[PDB]
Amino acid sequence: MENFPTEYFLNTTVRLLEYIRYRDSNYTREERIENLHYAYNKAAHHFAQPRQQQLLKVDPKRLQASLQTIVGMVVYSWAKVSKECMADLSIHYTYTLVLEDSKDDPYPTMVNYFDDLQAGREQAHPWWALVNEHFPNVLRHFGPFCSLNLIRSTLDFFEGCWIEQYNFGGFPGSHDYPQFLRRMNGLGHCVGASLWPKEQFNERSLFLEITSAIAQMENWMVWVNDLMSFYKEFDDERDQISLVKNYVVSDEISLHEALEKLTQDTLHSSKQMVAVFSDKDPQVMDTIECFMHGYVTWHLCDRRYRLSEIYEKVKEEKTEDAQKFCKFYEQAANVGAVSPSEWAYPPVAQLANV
């Protein structure tokens, strides 16, 4: 065990929130609860169906916890899209999160992937069978271009998980490996492109804005998640391959140098996010800003990241960063700290049983 870079972590986090202009919004707590319940309720009913229960090998409690985590991420980050769109994206991003629970070799189920796809025969791999069957409910919210992005990113993700099963951090000297893997399973183009429902944006009219957002949001989104996750992943001997840990193994640098690298990229990405979009179409900048703020709010509130622990340790320090941090945290809490009992019910297992 090494000591956590609390000071360096608080500083980076604060700079991050300042760079993205983290601030209050009109998105109220009551509206969040309303959206959380709607999104959760439709998804829960979906995963509670016999077919879904039968083909999706997942521990019931893990499913319950995965669904609640994803519903939160979607509702808090895709703040500007309809309830239905939040619901359908919640189902999709829950399928992706759940695929990481499989240790099963994809090889045998992928031997006839293309031929079955071309012929329109159900896929051998159960996950593909469920996800492709459900996909139209996600794709109906987007134009052809954005849809293509969601389809590719998800295919990329499937290959990402396949690779993850080898718990390989890259060969020493394989500098290009880390980010290659991080893009493969980051779902960067899925997220980036799902921010533009055809009912709110015109894909052809904003093609350049959207394409640029996809390109830039891909890296901002995965790097921010890597950073916010750094605290929970620090002493987790079970989590052996992450962007930071692969930087260490592949680039042969220290965990600190690896963390610096991640920090420089994240901050620079944030800085350029604002510079590029602040003066563009107002609604495009709004969706982008609300996603960044929501995404951060979500990491701060979801127990999974345990950022509450950092808070408690530094809430009495009179340092500049410690102060700035606790403030942002408190802001997130006021609108985002919500008890699951207020929206996540009944449990999926209960609906499946009935």
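Note that residue numbering follows the sequence shown and begins at 1.
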query: 54-62 versus 300-308 - greater average Cα B-factor per the deposited record; finding: 300-308
query: Selected stretch [higher average CA B-factor]: 328-336 or 341-349; finding: 328-336
query: Options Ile70, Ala48, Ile288, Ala322 - largest CA temperature factor per the record; finding: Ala322
query: Third of the chain, ranked by Cα B-factor, where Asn35 sits; finding: middle
query: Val314 CA temperature factor, ranked by third within the chain; finding: highest
query: Record-listed C-alpha B factor of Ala129: chain third; finding: lowest
query: Entry-reported Cα temperature factor of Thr96, expressed as the chain third it lands in; finding: lowest
query: Chain thirds of CA B-factor: placement of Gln264; finding: highest
